[PDB]
Amino acid sequence: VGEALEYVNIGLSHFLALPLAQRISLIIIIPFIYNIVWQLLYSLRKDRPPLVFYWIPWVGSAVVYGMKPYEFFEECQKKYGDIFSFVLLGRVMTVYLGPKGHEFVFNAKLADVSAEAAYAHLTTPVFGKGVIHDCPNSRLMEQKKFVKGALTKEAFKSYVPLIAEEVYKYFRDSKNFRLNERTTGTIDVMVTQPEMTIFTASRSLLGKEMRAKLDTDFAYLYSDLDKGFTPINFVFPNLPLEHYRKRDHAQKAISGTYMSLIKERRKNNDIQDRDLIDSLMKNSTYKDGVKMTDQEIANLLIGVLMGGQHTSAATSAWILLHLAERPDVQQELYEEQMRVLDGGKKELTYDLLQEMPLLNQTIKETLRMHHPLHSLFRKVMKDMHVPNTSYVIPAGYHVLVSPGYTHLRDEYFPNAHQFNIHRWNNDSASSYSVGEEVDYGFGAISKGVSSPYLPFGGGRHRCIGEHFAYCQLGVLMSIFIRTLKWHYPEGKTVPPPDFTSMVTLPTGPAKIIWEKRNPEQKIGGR
Ligand code: HEM
Ligand SMILES: OC(Cn1cncn1)(Cn1cncn1)c1ccc(F)cc1F
């Protein structure tokens, strides 16, 4: 064996004297071979979930997961069951499908998994430092608490007429509508809904000043920042191109604008209860006494607005698209509007929104069919034993949960690919905890996360924008319904989702044709 060891050194030597044709080829095919051999040895382990076979090292199943994750999950489920792993751009993802998966991932102990470790590079380059994913979990919990303080019933009461006003103003002024001059038109909903969403959300959450900013070239900065919000950040968060420079500069200029308003308000003591900015100026002190800086407040505002932007705009787009081939549902919704608002003589309020179950069921059904986040990740921090299995998920892995997948399973939602708002009759709430509850720092929420329907997630990372989303989408759809009818161009139908973008927005261009219900109706104001 001493003689064997000599030939090892000889072999190492002879390698380095190989022609580069053969040892680019060498250093290529020997990972390819080792990978296959490694998977074969891996598949024999009884303490690991089955691993989806893949040919290309590092890359893994990235391409099929990236383009059609649900079809990917369905195939893996048929073959392997509800628990399985797959390689994705250098990381091993352990998927757990179904309610048991919801429970395993969303209710995982703080010591076991980390969301911020999974998402920091996705969001921090976009929002700025010190907030959301660029901070400890208990900091995040309180930031969520701070923001929730601006999201009260009384706040929604004041938001509704503000949001309504922005919708009507958009109908009046936008080149996409111009209702005082046009009775019919064609629109790309991936153009109109992001614009309507930023106008309505800015006006209510940021306030008059920041909304006024959107009527200038300052609006261009929001687009630049929006482009940095991309899956590519998972691999290339910072790359010396101008996509990144436009992003970084936008983040600085936008937070600078918020900070200017913040410092301005404090200078003049002008701090009431107008908006989320007022709210955070009065309520952003952590439990240990440390106060958020003006930069961190601005950075939080960016993240919250940006996140709400994408989820809400995608959702109202899908609502329009599903209703476009369903004049029956438009008809039902309109009748509800006529009854609840007394033929339109009653002004829309937050309370009246609560008396519109079909409208809210329509939102609920859209979120079932189109969960804007098709996958949620956590990085595994401590080895996790999978209950009632021999499986152990080692630290360094990632767990993946997908409530959106379950939303589309017939076993939980019969005829899951049919849009049917009536499957939610006497269950028109946005969601509802109906068992024991728990507080992670931002308010009591559902302890159990086993519901097959989880558009807003669960556990410590649960959404806090749920009621704002329903308020915003509710006011907007209420006005769309009362003002317009709409349908598809001949031969067109609901498009497939684009699963490669940050949220599962519709494939473009997604066009609908609108017409005024009352051609002679005029929208007043300047
Ligand atoms: C239809 C609209 C929306 C949907 C479907 C949605 C969905 C979700 C989901 C599934 C999560 C859980 C994330 C995870 O577990 O990793 C989440 C978290 C969160 N969302 Fe939303 N969201 C929506 C709108 C909004 C809005 C409008 C806001 C703010 C006004 C918002 C702010 C947040 C915040 C602060 C978190 C917590 C992040 C964390 O704790 O890690 N969302 N959202
Ligand atoms: O959870 C997100 C980040 N994200 C995860 N997968 C894709 N994007 C999205 N989001 C959820 N509700 C709204 N946006 C988020 C969470 C909080 C936040 F402040 C911004 C933000 F983008």
Side-chain angles (χ1 to χ4, degrees), residues 102 105-108 113-124 126-128 131-135 137-148 150-151 155-156 159 193 197-198 200-202 204-206 225-226 228-231 233-234 276 279 299-319 363-364 366-368 370-379 399-404 407 430-431 440-442 445 449 453-474 476 499 501-505:
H102 303 174
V105 176
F106 286 122
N107 264 343
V113 302
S114 172
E116 66 276 10
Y119 286 106
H121 289 169
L122 168 64
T123 56
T124 305
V126 182
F127 305 159
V131 302
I132 303 164
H133 298 139
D134 187 47
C135 61
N137 183 259
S138 75
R139 293 307 206 211
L140 173 58
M141 299 300 96
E142 296 206 77
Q143 289 164 15
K144 294 173 66 163
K145 177 181 61 179
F146 300 153
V147 175
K148 270 207 61 186
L151 305 178
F156 299 139
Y159 290 166
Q193 294 330 101
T197 301
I198 189 62
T200 58
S202 292
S204 45
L205 296 173
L206 296 179
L225 190 61
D226 209 89
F229 194 54
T230 176
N233 287 1
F234 279 129
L276 175 54
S279 187
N299 287 359
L300 179 56
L301 290 167
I302 289 177
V304 156
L305 257 291
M306 167 84 70
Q309 171 66 19
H310 285 249
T311 48
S312 176
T315 301
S316 64
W318 285 120
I319 295 176
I363 300 169
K364 198 172 186 174
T366 305
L367 289 177
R368 186 190 62 81
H370 301 282
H371 199 319
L373 308 184
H374 70 71
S375 301
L376 291 311
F377 319 116
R378 309 282 187 262
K379 192 182 173 180
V399 286
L400 188 167
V401 63
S402 183
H407 289 187
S430 60
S431 70
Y440 297 95
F442 55 91
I445 61 177
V449 199
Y453 185 64
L454 287 174
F456 297 100
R460 69 180 57 255
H461 289 287
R462 199 196 187 274
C463 184
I464 60 170
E466 165 179 13
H467 299 117
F468 174 80
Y470 264 76
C471 177
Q472 178 186 41
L473 294 162
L476 182 123
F499 295 102
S501 44
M502 265 291 97
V503 294
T504 63
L505 35 67

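Numbering of ligands and ligand atoms starts at 1, following listing order. We count residues from 1, following the sequence as given.
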Identify, by atom number and element, the atoms of ligand 1 in contact range of [X], meaning under 4.0 Å from any of its heavy atoms.
X: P372; answer: 5 (C)
X: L140; answer: 39 (C), 40 (O), 41 (O)
X: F468; answer: 27 (C)

Heavy atom of the protein closest to [atom] (residue, atom name, distance):
atom: atom 40 (O) of ligand 1; result: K144 NZ, 2.8 Å
atom: atom 30 (C) of ligand 1; result: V304 CG1, 3.9 Å
atom: atom 12 (C) of ligand 1; result: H461 O, 3.3 Å

Does [X] reach ligand 1, in the sense of a heavy atom lying below 4.0 Å from it?
X: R378; value: yes
X: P455; value: yes
X: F106; value: yes

- Query: Would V401 and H102 count as a side chain to side chain contact (heavy atoms under 4.5 Å, CB included) if you check the C-alpha gap in whole Å, the side-chain angles of each, and the deciding distance to 0.1 Å?
  - Reply: CA-CA 6 Å; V401 63; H102 303 174; 3.8 Å; yes

Indicate yes or no: at least one non-hydrogen side-chain atom of [X] is less than 4.5 angstrom from one of [Y].
X: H461; Y: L140; result: yes
X: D226; Y: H310; result: yes
X: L122; Y: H133; result: no

Practice prompt. Please work out which of the three classes, parallel, tilted or perpendicular, describes the rings of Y159 and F156, given edges at 30° and 60°.
Written response: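 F156 and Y159: perpendicular rings.
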
Distance in Å, [X] [atom1] paired with [Y] [atom2], rounded so as to fall on 0.5 Å steps:
X: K144; Y: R460; atom1: NZ; atom2: CZ; value: 9.0 Å
X: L454; Y: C463; atom1: CG; atom2: SG; value: 12.0 Å
X: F146; Y: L276; atom1: CZ; atom2: CG; value: 12.0 Å
X: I132; Y: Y119; atom1: CD1; atom2: OH; value: 13.5 Å

With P455, which residues qualify under side-chain contact (heavy atoms from CB on, under 4.5 Å), at least two apart?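 For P455, the residues satisfying side-chain contact (heavy atoms from CB on, under 4.5 Å) (neighbours in sequence not counted) are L367, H407, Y453.
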
request  = Could you list the residues that satisfy side-chain contact (heavy atoms from CB on, under 4.5 Å) with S312, not counting sequence neighbours?
outcome  =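 Partners of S312 under the side-chain contact (heavy atoms from CB on, under 4.5 Å) test: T197, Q472, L473.
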
Check your understanding: If you leave out waters, which protein N, O or S atoms are less than 2.8 Å from atom 21 (Fe) of ligand 1?
Key ->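 Correct list: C463 SG.
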
**Prompt:** Under the side chain to side chain contact (heavy atoms under 4.5 Å, CB included) criterion, do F377 and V113 qualify, and how do the steps go?
**Reply:** CA-CA 9 Å; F377 319 116; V113 302; over 6 Å; no

Identify all N/O pairs between ligand 2 and the protein with a separation under 3.5 Å and present them as a table of atom names and distances.
{"unit_1": "ligand 2", "atom_1": "14 (N)", "unit_2": "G307", "atom_2": "O", "d": "3.2"}

**Prompt:** Are any side-chain N or O atoms of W318 and backbone N or O atoms of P372, one a donor and one an acceptor, separated by less than 3.5 Å?
**Reply:**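 Between the backbone of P372 and the side chain of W318 there is no qualifying donor-acceptor contact (under 3.5 Å).
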
Any donor-acceptor N/O pair, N233 side chain to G228 backbone, under 3.5 Å =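 Looks like yes, one N/O pair under 3.5 Å.
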
Using distance alone, determine whether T315 and ligand 1 share an N or O pair under 3.5 Å.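 In this structure, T315 places no N or O atom under 3.5 Å from an N or O of ligand 1.
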
request  = Using a 4.0 Å heavy-atom threshold (strictly under), name the region of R462 that reaches ligand 1: side chain, backbone, both or neither.
outcome  =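 It is the backbone that gets close, since no side chain atom is under 4.0 Å.
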
| task | Could you walk me through whether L476 and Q193 pass side chain to side chain contact (heavy atoms under 4.5 Å, CB included), step by step? | result | CA-CA 10 Å; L476 182 123; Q193 294 330 101; 3.8 Å; yes

